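Heads up, the chain below is alone and in the form deposited in one PDB entry; it's given as structure tokens.
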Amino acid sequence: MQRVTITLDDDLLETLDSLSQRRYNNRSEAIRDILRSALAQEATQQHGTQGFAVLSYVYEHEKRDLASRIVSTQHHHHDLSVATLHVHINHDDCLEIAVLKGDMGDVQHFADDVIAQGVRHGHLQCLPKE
């Protein structure tokens, strides 16, 4: 265990202390619990296992730059793709849902590129073969 120092916006810290009354004791324990529950679903998929995955995110299809960026890595790694669903959620935003399949290690590596590239609300739900 190590003692770390993080810097959080005044807003988040306020939203946090708020939740700290519906559930804590002190920020440390509040932050610890949330962080732990959130990471539980973020384990590293190991190269070797097969399965599927649901990658969802939002982006403005109003920007040709991001649009071409998200569209390029998609086609270039079409091997993982099973089908992608698109839905305009407002005049500028497109909600994209991509069903991926293959090596879970590759699926997660691929999804993480997207989630980090104008992409917002990106979520990856890994579904390892069972």
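The term rigid core refers to the most C-alpha atoms you can superpose between the two forms while keeping them within 1.5 Å. So that there is no doubt, residue numbering starts at 1 and follows the sequence shown.
The segment from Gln117 to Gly118 is interrupted, since 1 to 3 residues of the deposited sequence in that interval carry no coordinates. According to the entry, the deposited sequence has 1 to 3 residues without coordinates between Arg23 and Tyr24. Set 39-47 against 62-70 and average the Cα temperature factors; 62-70 ends up higher. Per-stretch averaging of Cα B factors for 30-38 and 50-58 places 30-38 on top. Residue-level temperature factors show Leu8 in the middle third of its chain, judged at the C-alpha atom.
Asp79 sits in the middle third of its chain by CA B factor, as recorded in the PDB entry. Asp92: CA B factor in the highest third of modelled residues in this chain (values from the PDB entry).
The same protein also exists as the form deposited in another entry; that form is not shown, yet it is the one meant from here on.
The two forms, fitted on the rigid core, differ between this form and the one not shown by less than 2 Å at the CA of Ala83.
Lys63 is among the residues whose C-alpha shifts by 2 Å or more between this form and the one not shown once the rigid core is aligned. The two forms, fitted on the rigid core, differ between this form and the one not shown by 2 Å or more at the CA of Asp17. In the other entry, the Cα-Cα separation between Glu42 and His78 grows by 3 Å or more relative to the displayed conformation. Distance between the C-alpha atoms of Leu13 and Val58: shorter in the other entry than here (change of 3 Å or more).
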